[PDB]
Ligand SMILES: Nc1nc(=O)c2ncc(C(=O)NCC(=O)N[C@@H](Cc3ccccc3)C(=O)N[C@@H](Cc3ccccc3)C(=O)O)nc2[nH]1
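A single chain, nothing else alongside it, follows as structure tokens in the form deposited without this ligand.
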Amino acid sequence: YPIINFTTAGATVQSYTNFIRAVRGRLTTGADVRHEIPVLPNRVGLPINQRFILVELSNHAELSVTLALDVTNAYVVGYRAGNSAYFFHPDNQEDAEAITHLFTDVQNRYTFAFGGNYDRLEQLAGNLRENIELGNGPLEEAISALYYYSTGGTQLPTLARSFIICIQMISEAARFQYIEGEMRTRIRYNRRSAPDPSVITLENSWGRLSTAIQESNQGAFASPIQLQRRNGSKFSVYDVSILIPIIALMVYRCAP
């Protein structure tokens, strides 16, 4: 599977962008672009040898953790740390069998009794996304926590909290040029900051944002999708124009 590298050790703003650009560059071939917005590959018809990509994360401590991203939705399904792999509980069973193609060389595969959804990771970590700080530091400390949980060093809440960091700092930044820009300005000033209601609402709207844009008339939505300003405020979107500089990737939902 394709592998893409990133390290918090000496991470610059450009060292973050080419990474996310390379992640996007391999999440989808860029062949299906609808209304200036690219579409992830369709789950139906996708060969399993093209179903996943792997990001490798290292840090100032030279601890390495390799995440696995589902090409059809750019979400993290699991990660290998040394000799052990760990997977969220799969939703269906077709996804449960594709998991078996990921970290085959390692001993002891593990599947958690929980899935990789925010509300449950928020429950497991005892903290909301609106409160967990993001940035290079948090990503560094999260890389350690994913590595040491195999050796019993990391506890489950810190594990789940590390997942919320990585998923937001990788998956969401790949889906949105906006959320990437939020991590962009965090590297720029060396900040540890929790995301705005602006970032949260975008993350919670991604699936619906993909449906409405694809199911849109040649430009316009049939129904609005309410969003947020960086300060929690009312505003709704009715056309795809405002979203083009915001959304970088969409899940496949139907044919043009």
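Just count from 1 along the sequence shown to find any residue number.
The form deposited with this ligand bound exists for this protein as well; it is not shown, and the discussion that follows is about that form.
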*Is there any non-hydrogen atom of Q50 lying within 4.5 Å of this ligand in the deposited complex?*
no
*asked:* Please tell me whether any heavy atom belonging to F103 falls inside 4.5 Å of a heavy atom of this ligand, as the geometry stands in the deposited complex.
replied: no
*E172, heavy atom within 4.5 angstroms of this ligand in the deposited complex*: yes
*asked:* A81 versus this ligand, in the deposited complex: is there a non-hydrogen atom within 4.5 Å?
replied: no
*asked:* So this ligand isn't shown here. In the deposited complex, which residue out of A85, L134, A160, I167 has a non-hydrogen atom within 4.5 Å of it?
replied: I167
*Among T29, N217, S193, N204, which has at least one heavy atom within 4.5 Å of this ligand in the deposited complex?*
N204
_Contacts with this ligand in the deposited complex - residues in 112 to 135 whose heavy atoms fall within 4.5 Å_ = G116, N117, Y118
